[PDB]
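Experimental coordinates follow, after the sequence.
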Amino acid sequence: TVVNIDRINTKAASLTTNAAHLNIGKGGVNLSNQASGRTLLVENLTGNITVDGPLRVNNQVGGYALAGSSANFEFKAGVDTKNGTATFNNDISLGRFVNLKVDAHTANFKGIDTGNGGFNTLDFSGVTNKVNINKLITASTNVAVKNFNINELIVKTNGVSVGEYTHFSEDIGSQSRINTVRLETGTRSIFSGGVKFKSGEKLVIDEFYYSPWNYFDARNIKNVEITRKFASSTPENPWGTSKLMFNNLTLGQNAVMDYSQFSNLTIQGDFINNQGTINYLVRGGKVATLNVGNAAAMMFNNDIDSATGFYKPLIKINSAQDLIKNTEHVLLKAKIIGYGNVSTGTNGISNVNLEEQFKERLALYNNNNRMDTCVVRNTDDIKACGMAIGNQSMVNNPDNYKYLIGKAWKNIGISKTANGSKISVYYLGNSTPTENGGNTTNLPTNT
């Protein structure tokens, strides 16, 4: 079985085994010059390959080759079996013009760093099942992968260089996934790095952090799904322009999308908020409009949040108190917008039409106090509401508004529009509650 070898140096082509495991140890694989840097091949016809040490070029983890010379590593596992696993238990770094090709059933890596390199090719096109990667750092990288699980994608930019980027150059199918995408800050004013996909049917991303002067172009991926978080990499102070492009984009259940003037979003197909939340950032008294090229779906449920005693909002506007008054802030524009309640499988059927149900899930906050609708379960909620809309006697004498307890009170004067073409908000000022004022609704009550 196992052929174990501490270290394989080349000096200024092919090591083929046939064994159920080729294990390379801590010495790793060292490639050389233009005499024997120009390609190195490590194969196992029959079994697996495990590398427990780094790839070196001219004796350095750094590496580095000329434009007229590439250093190419090739690992081919299970060549004659199609059941080979190639596992690299050491982080790998590839310097400039250093390429890596792996053929296998399964290819597993810790880190792959091409951040200090340039014109690196990761050729996984002969991987027939799955590539799993812990940490992938790209800059000028041709990532020729079909089916992958990448835990962390770190996309760097290329200084003031032009026409260099992270290229997903194979069709990615419908099964791949990236747990975290982190766009790094690029060079100011330019977009000298970022992600381009050749094509695919569906990509799942759990958390996606964008940064200015970098981009993620997934126009050629029919559908992208964000399962958890889509936000700035510096949410306390987002800045500049990050360019995010999609065909269809879906925000999954309880996922949170932060959307501002700093996140230039192109959505050429459809946008679906499937029971998630879009937080719109106000800068300059204004919001960014989420422009949808084709159809939008706002999907919601009837869960009452334990944290609030009301429906979770699909849209949140914090620092709404800063909104310019007397003007329409258009939040979403699509060719056609649908509204759907997913949990209508409860209570009987509502009398409230879908647009109006949706407007209950459209929230405005005054510094993290809800101001569009006051959810009152007790005296302390009266104060908070008093605080939200700036009514001093609600704060000072809450037992004066005892009539609000058990009730959702609508602050009209924030006016909301949710029709088949847009969602928008028009702010005039704050109303005040009346004993017999109406604008009130009995709170939901789950278990």
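Happy to help now that I have it. Numbers count the residues shown, from 1 in each chain.

Going along the chain, name the strands of the stretch 1-150 of the chain.
Ranges of strands within the stretch 1-150 of the chain are 3-9, 14-17, 21-31, 40-44, 48-51, 55-57, 71-77, 85-88, 92-93, 98-113, 120-138, 141-144, 148-155, based on DSSP state E, counting those that start in this stretch.

which residues sit against the shortest one?
Outside strand 92-93, the residues that touch it by C-beta atoms under 8 Å, 6 or more residues apart in numbering are 54-55, 61-63, 100, 109-114, 116-117. For every residue, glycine as well, the C-beta is placed using N, CA and C.

If you rank the residues you listed by neighbours, which is first?
residue 114 (28 neighbours; other C-beta atoms under 10 Å).

Next up, identify which helix or strand the most centrally placed residue in the chain is on.
The chain has residue 208 as the residue nearest its centroid, 2.4 Å off, counting by C-alpha atoms, centre = their mean. Here residue 208, judged by DSSP states H and E, is contained in strand 195-210.

what angle separates that strand from strand 120-138?
Put simply, strand 195-210 runs at 10 degrees to strand 120-138, going by axes from the mean of the first three to the mean of the last three C-alpha atoms, to 10 degrees.

Quick one: list the elements packing against strand 195-210.
strand 166-171, strand 177-183, strand 215-232 (3 or more C-beta pairs under 8 Å, 6 or more residues apart in numbering; DSSP states H and E).

Determine the set of other helices and strands touching the following helix or strand past the longest one.
By that I understand strand 215-232. Counting by DSSP H and E, the next helix or strand C-terminal to strand 215-232 is strand 242-251. Applying 3+ C-beta pairs under 8 Å, 6+ apart, one finds that strand 242-251 makes contact with strand 215-232, strand 263-267, strand 271-274.

Packed most tightly, which of those would that be?
strand 271-274 (a mean of 22; mean count of other C-beta atoms under 10 Å).

So what touches whichever helix or strand comes after that one?
Sequence order places strand 277-281 as the next helix or strand after strand 271-274, per DSSP H and E. Contact with strand 277-281 is made by 238, 251, 254-262, 287-288, 290, 312-319, 331, as judged by C-beta under 8 Å, 6+ apart.

Among these, which are located in helices?
In helices, judged by DSSP state H, none of the contacts of strand 277-281 are found.

can you redo the helices and strands packed on strand 195-210 as TSV with distance to residue 300?
Listed next are these as TSV, based on distance: least, C-beta to C-beta, whole Å:
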stretch	distance to residue 300
strand 166-171	33
strand 177-183	26
strand 215-232	17
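
Can you check which of the ones you listed gets nearest to residue 368?
Residue 368 lies closest, by C-beta to C-beta, to one member of the helices and strands packed on strand 195-210: strand 215-232, at 16.8 Å.

Quick check: neighbours of the closest one in the sheet, parallel or antiparallel?
Using DSSP bridges, the strands paired with strand 215-232 are strand 195-210 (parallel), strand 242-251 (parallel), strand 256-259 (parallel).

Once you drop chain neighbours, what's closest to residue 387?
The spatial neighbour of residue 387 that comes closest, neighbours along the chain excluded (C-beta to C-beta, 6 or more residues apart in numbering), is residue 369 at 5.4 Å.

How about residue 428: what's its closest non-neighbour residue?
Distances taken as C-beta to C-beta, 6+ apart put residue 413 closest to residue 428, at 4.6 Å, once the chain neighbours are dropped.

Please report how far the one you found lies from residue 320.
As defined by C-beta to C-beta, to the nearest Å, residue 413 lies at a distance of 12 Å from residue 320.
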